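Chains as they are written, first to last, in the entry's author numbering: chain A, 337 to 587; chain D, 192 to 241; chain F, 888 to 937. In what follows, a single structure is set out as structure tokens and then discussed.
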Amino acid sequence: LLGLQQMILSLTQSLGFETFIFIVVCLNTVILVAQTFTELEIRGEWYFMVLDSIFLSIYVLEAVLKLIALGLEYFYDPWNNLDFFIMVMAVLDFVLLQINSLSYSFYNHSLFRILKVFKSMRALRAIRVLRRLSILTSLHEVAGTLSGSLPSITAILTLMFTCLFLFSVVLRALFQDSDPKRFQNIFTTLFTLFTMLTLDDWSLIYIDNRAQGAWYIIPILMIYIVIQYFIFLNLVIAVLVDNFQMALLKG
Amino acid sequence: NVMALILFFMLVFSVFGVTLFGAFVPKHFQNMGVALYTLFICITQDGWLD
Amino acid sequence: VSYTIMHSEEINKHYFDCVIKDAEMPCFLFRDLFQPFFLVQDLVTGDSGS
């Protein structure tokens, strides 16, 4: 209606959102932790997707209520924006299942896996709206003091993103016609860079590279490994040490 | 408390994992305790190229 | 029956019978791809071919 409808919606939103949403989301999370459960889905597969679709209908009712609600201030909440994207995507997959017919591949396809991880962040949002009460103040303070120093960690991760990209570029450049069957594309090159950054069989890289005819690629790889390892690990460790050390010096 | 927070984040990100897991790339991502502990091995971050 | 059961246990890597379990008649799930295998038995002699 108007402002009067908005005020009635606010009051009844408080009441019915405290009452109805909590119990239906608790039941949704119960049926979803029974859903995932890759032993009990065969003790099922017929009472599980039914409840999944029923509570997805409950969620689209939540979305309809939030749409008829105050609106722009609802959009101003990032968690509510995540819920809005989750429900647009959810009604998209629901109508995709509903229309049937179609002309693309199905029967547990890549799109089906996409809809499964879609149900996954739906379960995550169910958890995040269940945890409205009693998160416990000790870990409240721990999480706040952890999230206090965001600019330093973002700068450090950006600098190592640049360094990892540069090292991947030079390694792919120097590995041309030198058995790149492990890093034939940009994804596999950056994943091998992830392995060397995470200390995973880079000694094996050394042994099967000196099994090849190139030997000077090993000292370059080593010096890059040690410099980026020491610099990044030490910088992050010291940054978080001090980040909680000011909170230590305070009360 | 750090143990509790790490385990809770580990579970809520394993909900993402188990959607990819079971009956495909199996025998370490299946059974939901083996999957959790294999992801814990990958958290301990040594020799996951197998 | 045995080869079909091994094929079901090797393709989808899982199997579940019905609620009313019967030895002579096994139960098949929809979600599993169905691939029968067939034997030729010669009652006059011993052999059993595929």
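The beta carbon of each residue, even a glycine, is placed where N, CA and C say it ideally should be.
Check                                                                                                                                   : Outcome
Extent of the continuous alpha helix (DSSP H) run through residue 456 of chain A                                                        : 446-466
Residues from the segment 498-532 of chain A in contact with chain D, defined by Cβ distance under 7 Å                                  : 531
Residue from A:506, A:517 and A:572 with nearest C-alpha to residue 557 of chain A                                                      : A:506
Nearest-angstrom beta carbon gap, residue 508 of chain A and residue 525 of chain A [assumed within contact, 8 Å]                       : 5 Å
Simplified DSSP state of residue 933 of chain F, which is helix, strand or coil                                                         : coil
Any chain D beta carbon closer than 8 Å to residue 908 of chain F                                                                       : no
Closer than 8 Å to chain A by CB, residue 210 of chain D                                                                                : yes
Limits of the unbroken alpha helix (DSSP H) element including residue 366 of chain A                                                    : 358-372
Short CB-CB distance (under 8 Å) between residue 894 of chain F and chain D                                                             : no
First through last residue of the alpha helix (DSSP H) which encompasses residue 531 of chain A                                         : 522-533
Proximity winner among A:455, A:476, A:489 and A:394, relative to residue 195 of chain D (alpha-carbon distances)                       : A:476
Beta-carbon neighbours of residue 409 of chain A, restricted to chain F and to distances below 8 Å                                      : Here the premise fails: no neighbours, minimum Cβ distance about 45 Å.
Contacts of residue 195 of chain D in chain F (Cβ-Cβ under 8 Å)                                                                         : Ordered by position in chain F, no residue passes the 8 Å Cβ test against residue 195 of chain D, which lies about 34 Å from the chain.
Residues of its chain near residue 579 of chain A, where Cβ-Cβ distance is below 8 Å and the 5 sequence neighbours each way are ignored : 481, 482, 484, 485 and 488
Best match in D:205, D:239 and D:198 for proximity to residue 457 of chain A [C-alpha to C-alpha]                                       : D:205
C-beta atoms of residue 929 of chain F and residue 898 of chain F nearer than 8 Å                                                       : no
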